[PDB]
Amino acid sequence: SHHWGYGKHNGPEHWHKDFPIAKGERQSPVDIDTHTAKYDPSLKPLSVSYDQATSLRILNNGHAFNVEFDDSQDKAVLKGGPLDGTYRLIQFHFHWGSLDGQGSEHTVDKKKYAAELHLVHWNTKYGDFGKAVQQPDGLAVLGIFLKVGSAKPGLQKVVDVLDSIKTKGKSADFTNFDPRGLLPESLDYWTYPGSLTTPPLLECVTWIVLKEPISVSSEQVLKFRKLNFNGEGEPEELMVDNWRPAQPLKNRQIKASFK
Ligand SMILES: CC(=O)NCCc1ccc(S(N)(=O)=O)cc1
Ligand SMILES: CC(=O)NCCc1ccc(S(N)(=O)=O)cc1
Ligand SMILES: [Cl-]
Ligand SMILES: [Zn+2]
Numbered sequence: 002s003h004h005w006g007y008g009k010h011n012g013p014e015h016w017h018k019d020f021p022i023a024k025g026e027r028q029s030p031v032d033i034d035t036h037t038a039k040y041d042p043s044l045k046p047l048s049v050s051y052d053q054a055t056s057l058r059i060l061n062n063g064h065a066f067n068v069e070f071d072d073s074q075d076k077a078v079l080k081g082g083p084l085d086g087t088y089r090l091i092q093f094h095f096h097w098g099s100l101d102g103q104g105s106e107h108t109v110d111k112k113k114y115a116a117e118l119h120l121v122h123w124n125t126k127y128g129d130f131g132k133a134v135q136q137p138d139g140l141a142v143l144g145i146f147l148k149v150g151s152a153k154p155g156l157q158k159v160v161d162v163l164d165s166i167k168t169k170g171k172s173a174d175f176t177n178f179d180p181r182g183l184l185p186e187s188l189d190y191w192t193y194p195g196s197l198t199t200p201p202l203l204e205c206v207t208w209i210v211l212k213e214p215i216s217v218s219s220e221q222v223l224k225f226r227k228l229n230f231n232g233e234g235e236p237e238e239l240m241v242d243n244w245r246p247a248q249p250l251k252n253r254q255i256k257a258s259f260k
């Protein structure tokens, strides 16, 4: 059974024993060296089209919480930039720290942010998410950094429901949530080929990491940190530090959409 996690006994340094691609050639996350990233005029405009996004449910899966979408039609899609074709939004989730000084997966000139949002999309040419993750261009994940400062009003409905999904396996109805409230003003980004950042660590992702962070309040991220990795009735293990550290860049280039 799956027994990977974020603890000393089952965390990222152990994953390779059950998921040997952990030591692969295109693993994520990575440190983004902003001086070495090169502007690419070939990149087409990024198109985030969430007007018809249809959220359904929020789930504590024991690793993070996912806000799930109806992906049975092209209701919410990502296109353009480095992408060929249409990628459909399936879910978003976050990674975050025990303290404001850590929590992000990607880093920017080695800087760690308090958290990182991942909007996960699958390439419609593969029909379903399960098939998409077996393809090198199966997924596009839009990553957005969170820093602690002013509150993000568009996040508060998420924070408000966390009380109801404290433990692993709990879910709650979560309809009519607009993910556009989680974006920064600018769509300026970095992009590179990588992987899922949790087991199974599949090398199927085109990463698109926005340069501009969003600000959330200390009180908002403190509520993330009250979640539990454990199930109901088990010893409490706060859901904190659910991030994988930066992995070797190997033979990759990070491209910038700007400057
Ligand atoms: C729950 C616990 O700590 N189990 C220890 C054994 C255990 C550690 C790591 C993994 S892996 N390679 O999938 O990350 C599986 C099992
Ligand atoms: C069945 C299956 O492979 N599910 C993978 C779920 C999964 C989706 C996205 C990510 S991340 N943090 O890279 O955005 C990790 C895991
Ligand atoms: Cl794959
Ligand atoms: Zn993630």
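For any residue, its number in the UniProt record's numbering is found by taking its place in the sequence shown, counting from 1, and adding 1.
Every residue gets a Cβ at the ideal spot worked out from N, C-alpha and C, and that includes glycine.
- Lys39 is bridged by DSSP to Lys256.
- The three-state secondary structure of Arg89, taken from DSSP, is strand.
- The straight-line gap separating the alpha-carbon atoms of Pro185 and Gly128 is approximately 30 Å.
- If you ignore the 5 residues before and after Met240, its C-beta comes within less than 6 Å of the C-beta of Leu228, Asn229, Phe230, all in its own chain and listed in chain order.
- A distance below 8 Å separates the beta carbons of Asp71 and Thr55.
- The beta strand (DSSP E) runs of length 3 or more contained entirely in the region 85-135 are, from start to end of the chain, 88-97, 116-124.
- When DSSP states are grouped into helix, strand and coil, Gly81 belongs to the strand group.
- Collapsing the DSSP output to three states places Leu163 in a helix.
- Taking a contact to require three or more Cβ pairs closer than 8 Å, the region 11-26 and the region 202-216 qualify as touching.
- Per DSSP, the unbroken beta strand (DSSP E) holding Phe66 starts and ends at 66-70.
- Taken through DSSP and simplified to helix, strand or coil, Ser48 comes out as strand.
- With respect to the 8 Å criterion, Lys76 and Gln92 are not classified as neighbours on the basis of their beta carbons.
- Close CB contacts of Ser48 within its chain, under the 6 Å cut and outside five residues either way in sequence, are with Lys80, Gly81 (chain order).
- When C-beta atoms of the region 32-40 are compared with those of the region 3-19, fewer than three pairs fall below 8 Å, so the two segments do not count as touching.
- Judged by beta-carbon spacing, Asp41 lies beyond the 8 Å limit of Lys251, meaning their Cβ atoms are not closer than that value.
- With respect to the 8 Å criterion, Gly102 and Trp123 are not classified as neighbours on the basis of their beta carbons.
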